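Visitor: Below are the structure tokens for one structure; questions will follow.
Every number in this text was worked out from the coordinates using simple rules, so none of it is lab data. Cβ sites come from the backbone with ideal geometry, for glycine too, and all protein chains shown count toward neighbours.
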Amino acid sequence: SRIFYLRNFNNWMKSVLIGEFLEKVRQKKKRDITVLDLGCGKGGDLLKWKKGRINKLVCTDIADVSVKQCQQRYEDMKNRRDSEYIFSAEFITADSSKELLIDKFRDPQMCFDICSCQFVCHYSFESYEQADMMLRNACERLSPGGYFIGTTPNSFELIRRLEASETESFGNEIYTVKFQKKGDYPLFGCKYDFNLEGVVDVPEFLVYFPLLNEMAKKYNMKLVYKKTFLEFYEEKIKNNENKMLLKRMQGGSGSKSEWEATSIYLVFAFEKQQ
Ligand SMILES: Nc1ncnc2c1ncn2[C@@H]1O[C@H](CSCC[C@H](N)C(=O)O)[C@@H](O)[C@H]1O
């Protein structure tokens, strides 16, 4: 209830993001579309990927509960007696920061048209080795022209609020962010707690985007675009197709607290070169 409009927005944002890049891929492949969802969670991107008519989906999360949970969502959608075609899926429980997904694939020679990391990548930055391995699992299997897309905290905006704050903690009634130490912002291992209304689930790490961009180059990825949630909304809402979708999802106008929570995050996408 409290977080309603914010919940809606992220699924609007993720749908518009996926929809955009599924078109860019369809301008090339338009067949056997393979996708890797990193940190798939309990699913929820499933219905998004079905909408885009994906031919294959690899869902992976470090939590075995979320993976088995996500697998039931797929099966539930899959097992209707209807005609509707659903992507061939795959479910892999692994730590993508510390593990190599290539070993866990049914087909280890598998290639992906799209890799979606939604509110995940910031977890991998605990260390360089971890942060690089996550980029590896994602981008190494992208066939050229494929996209690495996702969403992570800004880290310009995060520190900006921290430095303005009197204590290490900052936020509002709908969310609370607590850094372990203020003023020290190491490229890796910079650690803070992200607590939505609820209990804080796991610590996050600071992702400075210029760094993520540099490390992505290792895997031959060039940045397509990087935009804050504010910039993304302003632009993509220009389309009156998308504006209908947001009012349909009943997202959009939130409390000043909800609108504050967003604009911390930024969407991004990379493209694999030859
Ligand atoms: N190293 C890791 N490997 C895989 N998943 C991870 C991970 N670290 C965190 N995660 C997962 O990141 C997710 C955060 S939220 C769920 C994101 C999902 N794409 C959605 O939009 O619903 C959690 O599921 C968490 O288990």
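Visitor: Scan segment 83-111 and report the pairs whose first residue is of a type in the set (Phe, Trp, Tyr) and whose second residue is away from the ligand (no atom under 15 Å from the Cβ), with Cβ atoms within less than 6 Å and a gap of 6+ or a chain change.
Guide: 87/55; 87/56
Visitor: Determine whether residue 229 is touching a residue at least 60 places away in the same chain (Cβ under 8 Å) and within 16 Å of the ligand (Cβ to nearest atom).
Guide: When the stated conditions are applied, residue 229 passes them.
Visitor: Taking the stated definitions as given, is residue 5 more than 11 Å from the ligand (Cβ to nearest atom), closer than 23 Å to residue 249 by Cβ, touching a strand residue (DSSP E or B) at 6+ places or on another chain (Cβ under 9 Å) and not in a loop (DSSP other than H, G, I, E, B)?
Guide: no
Visitor: When only residues in segment 120-144 that are of a type in the set (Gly, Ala, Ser) and in contact with a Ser or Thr (Cβ under 7 Å, 6 or more places away or on another chain) count, which is farthest from the ligand (Cβ to nearest atom)?
Guide: Out of the qualifying residues, it is 131.
Visitor: Looking only at segment 230-263, which residues are buried (at least 21 other Cβ atoms within 10 Å of the Cβ) and assigned to a loop (DSSP other than H, G, I, E, B)?
Guide: Result: 251, single match.
Visitor: Kindly list the number of the only condition in (1) surrounded by 17 or more Cβ atoms within 10 Å (Cβ to Cβ); (2) within 14 Å of the ligand (Cβ to nearest atom) that fails for residue 64.
Guide: Failing condition for residue 64: (1).
Visitor: Which members of segment 82-116 meet the condition of being away from the ligand (no atom under 16 Å from the Cβ) and part of a loop (DSSP other than H, G, I, E, B)?
Guide: Across segment 82-116, the qualifying residues are 82, 83, 84, 85, 86, 106, 107, 108, 109, 110, 111.
Visitor: Count, please, the residues in segment 217-259 that happen to be of a type in the set (D, E, K, R), within 20 Å of residue 173 (Cβ to Cβ) and touching a helix residue (DSSP H, G or I) at 6+ places or on another chain (Cβ under 9 Å).
Guide: 1
Visitor: Kindly list, by first and then second residue, each pair from a residue in segment 158-170 that is over 18 Å from residue 265 (Cβ atoms) to a residue that is aromatic (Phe, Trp, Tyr) and surrounded by 13 or more Cβ atoms within 10 Å (Cβ to Cβ), limited to pairs with Cβ atoms under 6 Å and residues at least 6 apart or on different chains.
Guide: 168/179
Visitor: Next up: Does any residue in segment 36-57 that is within 9 Å of the ligand (Cβ to nearest atom) come within less than 6 Å, Cβ to Cβ, of a residue that is assigned to a loop (DSSP other than H, G, I, E, B) six or more places away or on a different chain, and which pairs are these?
Guide: Listed pairs, sorted by first residue: 37/45; 38/96; 38/120; 39/120.
Visitor: Kindly establish whether residue 192 is away from the ligand (no atom under 16 Å from the Cβ), in contact with a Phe, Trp or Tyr (Cβ under 9 Å, 6 or more places away or on another chain) and either hydrophobic (A, V, I, L, M, F, W, C) or not in a helix (DSSP H, G or I) (or both).
Guide: In short, no.
Visitor: Can you confirm whether residue 162 is of a type outside the set (D, E, K, R) and in contact with a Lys or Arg (Cβ under 7 Å, 6 or more places away or on another chain)?
Guide: Judged against the criteria, residue 162 is a match.
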